[PDB]
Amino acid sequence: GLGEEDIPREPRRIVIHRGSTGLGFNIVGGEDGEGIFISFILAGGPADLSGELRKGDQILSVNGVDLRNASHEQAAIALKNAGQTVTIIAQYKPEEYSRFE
């Protein structure tokens, strides 16, 4: 269901169409048990145009690839190779994100 600021608490599917330089975000984590978290959304990039991804979203999977325990590089390679239409399963975890970052 919806959390305090109208973001689903549960995992949610977000579709990104790739742009000239990528998907328009950056990630941290993938080490010491920290998952893959969105840390940056490029202004005017695909993720920002979509408007659904947020800083503090954990990327749980992309196009059938589980990233819950992936390394940072494994996640970066999976995003690079996911195709022109990328289906991301994300979960909004701003408190957990803040504890790590």
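One rule holds for the numbers: they count along the sequence shown, beginning at 1.
The entry lists a Cα temperature factor for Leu23 that places it in the lowest third of the chain's modelled residues.
Per the deposited record, the Cα B-factor of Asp32 falls in the highest third when ranked against the other modelled residues of its chain. In the PDB entry, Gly51 places in the middle third of its chain by CA B-factor. Sort the chain's modelled residues by C-alpha temperature factor and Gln58 lands in the lowest third, per the entry. Per the deposited record, the Cα B-factor of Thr87 falls in the middle third when ranked against the other modelled residues of its chain.
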